[PDB]
Each structure stands twice: as structure tokens, then as C-alpha cells.
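Inspection log for the structure reproduced underneath, given as C-alpha cells.
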Ligand SMILES: Nc1ncnc2c1ncn2[C@@H]1O[C@H](COP(=O)(O)OP(=O)(O)O)[C@@H](O)[C@H]1O
Ligand SMILES: [Mg+2]
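Protein chains in written order, with UniProt numbering: chain F, 433 to 480; chain W, 151 to 250; chain C, 439 to 559; chain Y, 126 to 250; chain A, 351 to 400; chain E, 97 to 144.
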């Protein structure tokens, strides 16, 4: 908790630019992909 | 044997797509449907639906009235002394020019 | 009448955030953009008044979520109390409403433009 | 309006179409304005004495964000006393066209005093 | 009924309560000047359907 | 390059937030160092 919490939060948001572009270039709906991945990850899947 | 009022609302909903109105179509579709129904079915005219390009205000603040407005005109000294609200006034029209 | 000065904006903001949570899909992210867009006004008042936007924005979001009283905003003159009942500030409802209506109705027109042709004079 | 555009520009990058974003903002705007109407307080039930004071609370707000705020108590009475003379005290209308406004370049701003009449810029015959 | 109200820095005289009137009017507002003209021609197309 | 543009877009709004750039810059260095600590954990070894 502190002033650097928002900086680390935006650091995590900007790091997901790669898979957002793969869904954009492939014609897929990106947000879907990013959120799905984020979750399939909550079930213990390290690689998705 | 459906109702006639709902027919105009149903077909006008398609026209309000691909515009800035499609979310505010619930309120403005009633305006044009009630506006065209006031016209005569035999003689439907395109010049009686004039819309004035008045600035200011949000589009949802508009109001539909069966009457007609005109925009105040030149107004020689005399204006802002008469009552600006009447109960049952009588409207007169004159190609008459009343000047000395 | 209403009570502006970030108060209105902060209120509106938490409202939108809760509703945003009750919304799932492309829509939620939007609602979130509308929430963060309303926060720029009290952050601008905090920026011009010199106060910290972190402590100011965090205090309004945390306090307004706890208490239901919705007349606390950004104190720019440097008073010790942020409650606007004592500071003598009042705004109209028709004035604060038109900021959102004319803004959200214009930006629909700004976003629809794809082809932009400018004839040089 | 620029804040909605700045937050919308990133949404498009994330992948969203512009029109969805617009629809969304609009819905959100409705929610917000509404919710504001729910928590809105009305001051019409009070009498004219307390309602007289509420005009100063709002007149001082808009005059506070200008250079006129050196004496906000003094010049706010000018903006309130002018409307007392035009209000009908029941189903009130402002009648804005009657209220004229003219300023002369001269003296200081502290010497400004409200009058009831018409200001002429011409001499006698 | 008849009432004049400054709809936006413009004074306009409005007739009201005319059920026998075979005409109509529309006072469309807008943030900008093209929002008015765009919504003007939009409802003109909507009127053209009905 | 695209991650650099994403972090600059993340740093664009943080400049308006009112946080010093050096605090924002040092935060990415600590976050990048912790990102390497995450990469070494999930690093799957391979044989020659
Ligand atoms: N003394 C004050 N205390 C708290 N808030 C204030 C004070 N003065 C102004 N504000 C807020 O700052 C805002 C400034 O608006 P203003 O700049 O006067 O209008 P505009 O932006 O159209 O010029 C107001 O909406 C009000 O909520
Ligand atoms: Mg102002």
C-alpha cells in the first residue's frame, strides 16, 4: 500500500500489450482473450 | 389487425440506427411519429416539418409542441412591454405593412 | 440545486464504479472509462490547488463509499474542513447536468468520424 | 469531453470498436445523472427569507472563480438584488430581457453601486 | 396557451395547445452546430420513412 | 519496442497523477527485477 501501488498496477496493465496485439492481428476479440487468459490462470494454469 | 400507432414507431426505429440518436431513440422516436400523425393523410407536405438550427442545450432537452415558433424578429422599441404570456389569444396575419 | 466542487463528481464516480462492477463484458471497461473521466475534474481542482491528487482522490473514494452524505468535495481555498455545508458553495442542477450531456453527445460525433478531408485555403 | 476522449482512446487500443464505447459512455451518463437526482435536495419548501440567502451561496460560487472576488459579499448582492425586482413571487419567470447591463470605464471597482433605472451616455439639449 | 421562453439565448414565441393544427415543429438542440444539423437531417430521414 | 511504448503510455497518465518521474522510473526497475525473479521460478530446464 502506498503511492507506488498505482505505478505497479499500470506496469502490469502495460505488460499485456503482446497478447492484445496477437488477437488484434488475428482478427479475434482481444478483450475476450485477455480476460480468459487471466482467469484460466487463476485455476493454476501457469501456461496459457 | 394491429394498432396503427405502433406501426410508425416500429419502422422509425430502423431509421435511427447508424446515427447519434440510437441510444436516445426511445424519446425522439415519439417526437417524429406524433409529428407526422398531426399532418393530413391525403396532403402530406415536406415544408411543414422545418427544423430551426438553434444553438445551445442538450438534444434530450427538446420538446414537441403542435404549435409553431418563429424566432423573435427585429423588434423596434416597443418590445418587452407587452405580456409575453396569453391565455387564449387571437392570431392575425397581414401581408399588411403598418408603417408611416 | 446540487453541490459541486468534486463532490458531485466524486459521487457520480462511485456510483458508476459500483454499477460497473454489476456489469460484465466490453461494457464494464467502458463504464470504467466514464468513471475515470469524471475523476479528472476534481483531480484538476486538486492539481490547481496544489493538494496531492493521491490523498484527495483516495479520501473522497474511501469516505463517500463509507458515508452516504454526498456534499464533500475538493477544498481548494485550504480550509481545514472539506464539508461544503459550512463553506457556502451551491451550484444548479441544470448547469452540472449539461456538462455531461453536451460532452457525451459531442464525443459520439467525434468518434464516428473516419474520413477527414480538409481543403486548404 | 476531453476526459471521455482520453479514456476512450485507450479502450480502442485495447480492441474495442468506437461505437460500443460510445454506447457505453452514454449508458453510464444516464446512470450518473440519475443517481444524482436521487440524492438531490430541494429548497423550494423554505420561505422567501431563507431562499434569499441561498441566492448568495450560489452567486458567491460563480463570482469566486473570477477577479471580482476581492469583495464577494458586496458584489454578490448586486447580482441578487437585480432579480428581486423582476421575480413575480409565484410561478416565477426571470424575464431576462428587462435586466440591462452597462459599465463605464472610470474610477475603481469598489465604487460600483446598484441603481434602479436606465443609464444614458448623452448630454442635455 | 401561449408562452415565450428563451430557449438558449434565443427568444422564440411558442403556440401551445393546438389539437386542430395540421402541422408541427421541432426544436432540436445540440452541443455543437453539426450535432444540430446531423440530428436535423437524421429525423428528416426518419420522417421520410413514416 | 512495443513494451517501451506501452510503458510510456502507462507513464503518460502517471505524469498527470502528480507523482515524480524518478519515483516512477525506479518503480519499473524494482518491478523489472521482480519480473526476472518470476521468470527464474517458472523457467523450465532443458538438456543438451
Ligand atoms: N470556494 C470554493 N470552494 C469549493 N469549490 C469551489 C469554490 N469555487 C469554485 N468551486 C468549484 O470550482 C468550479 C469552477 O467553476 P468555474 O470555473 O467558475 O466555471 P467555468 O469552469 O465554466 O469557468 C465550480 O464548479 C465549483 O464547484
Ligand atoms: Mg463559472
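Backbone N, C-alpha and C fix where the C-beta goes; we use that ideal spot for every residue, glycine too.
Discussion item. Quick check on this structure: which residue in 246/W, 207/W, 236/W, 219/W has the alpha carbon closest to the alpha carbon of residue 385/A?
Written reply: 207/W
Worksheet item: Closer than 6 Å from C-beta to any heavy atom of ligand 3: which residues, in chain order?
Response: Absence of ligand 3 from the depicted structure is noted, with ligand 1 and ligand 2 being the only ligands included.
Worksheet item: Along chain Y, in chain order, which residues have C-beta atoms closer than 9 Å to that of residue 245/W?
Response: Those do not exist, as residue 245/W stays about 29 Å from chain Y at its closest Cβ, beyond 9 Å.
Fill in: CA-to-CA distance, residue 446/C to residue 248/W, given in whole angstroms
Distance between the alpha carbons of residue 248/W and residue 446/C: 55 Å.
Item to complete: Give the residues from the segment 358 to 370 of chain A that approach chain C closer than 8 Å (Cβ to any Cβ), ordered along the chain.
Response: none
Worksheet item: For ligand 1, is there a heavy atom less than 8 Å away from the beta-carbon of residue 439/C?
Response: no
Worksheet item: How would you call residue 182/W, buried or exposed, if buried means at least 16 neighbouring beta carbons within 10 angstroms?
Response: So residue 182/W counts as buried.
Worksheet entry | Unbroken alpha helix (DSSP H) run spanning residue 146/Y, endpoints | 143 to 163
Discussion item. Please list, in chain order, the chain W residues whose beta carbon lies closer than 7 Å to that of residue 540/C.
Written reply: 208
Fill in: Test: residue 446/C CB closer than 9 Å to a CB of chain Y
Yes, contact with chain Y.
Worksheet item: So with Cβ pairs under 9 Å, would you call residue 471/F a contact of chain Y?
Response: no
Discussion item. By DSSP's criteria, residue 440/C is part of a beta bridge. Which residues make up the other side?
Written reply: 529/C
Item to complete: Taking all protein chains shown into account, decide if residue 177/W is buried (16 or more other Cβ within 10 angstroms of its Cβ) or exposed.
Response: exposed
Worksheet item: At least one CB of chain A closer than 9 Å to the CB of residue 544/C: is that the case?
Response: yes
Discussion item. Quick check on residue 354/A: buried or exposed, where buried means 16 or more other Cβ atoms within 10 Å of its Cβ?
Written reply: buried
Worksheet item: Which residue spans inside the segment 202 to 228 of chain W form an unbroken beta strand (DSSP E) run of at least 3?
Response: The segment 202 to 228 of chain W contains no whole beta strand (DSSP E) run of 3 or more residues.
Worksheet item: What residue ranges within the segment 464 to 547 of chain C form continuous beta strand (DSSP E) runs of no fewer than 3 residues, ordered along the chain?
Response: none
Fill in: DSSP three-state assignment for residue 135/Y, whether helix, strand or coil
helix
Discussion item. Measuring CB atoms only, is the segment 193 to 212 of chain Y touching the segment 233 to 249 of chain Y, in the sense that at least three cross pairs come out at less than 8 Å?
Written reply: The segment 193 to 212 of chain Y makes contact with the segment 233 to 249 of chain Y, as at least three CB pairs between them are under 8 Å.
Worksheet item: Given a threshold of 16 other Cβ atoms within 10 Å of its Cβ, counted over all protein chains shown, does residue 186/W qualify as buried or as exposed?
Response: buried
Practice prompt. Using alpha carbons as the reference points, say which of 151/W, 225/W, 160/W, 227/W lies closest to residue 397/A.
Written response: 160/W
Practice prompt. Express the C-alpha separation of residue 97/E and residue 105/E in angstroms, rounding to a whole number.
Written response: 12 Å
Discussion item. Here's the rule: buried if 16 or more other CB atoms are within 10 angstroms of the residue's CB, otherwise exposed. What is residue 470/C?
Written reply: Around the Cβ of residue 470/C, a 10 Å sphere holds 16 or more other Cβ atoms; the residue is buried.
Worksheet item: Say the cut is 8 Å; is the CB of residue 514/C nearer than that to a heavy atom of ligand 1?
Response: Yes, the Cβ of residue 514/C comes within 8 Å of a heavy atom of ligand 1.
Discussion item. If distances are taken between C-alpha atoms only, which option among 177/Y, 239/Y, 180/Y comes closest to residue 225/Y?
Written reply: 239/Y
Worksheet item: Thinking C-alpha only, which one of 184/Y, 140/Y, 203/Y is nearest residue 464/C?
Response: 140/Y
Worksheet item: Are there 16 or more other CB atoms within 10 angstroms of the CB of residue 250/W, so buried, or fewer, so exposed?
Response: exposed
Worksheet entry | Spatial distance of residue 215/W from residue 367/A (CA atoms) | Residue 215/W and residue 367/A: Cα-Cα distance of roughly 8 Å.
Worksheet item: Out of curiosity, what's the CA-to-CA distance linking residue 212/Y and residue 220/Y?
Response: 8 Å
Discussion item. Counting only beta-carbon separations shorter than 9 Å, does residue 507/C have a partner in chain F?
Written reply: By this cut-off, residue 507/C is not an interface position.
Practice prompt. Taking the CB atoms as reference points, tell me whether residue 162/W and residue 377/A lie closer together than 9 Å.
Written response: no
Practice prompt. Could you tell me if the beta carbon of residue 183/W falls within a distance shorter than 8 Å of some heavy atom in ligand 1?
Written response: no
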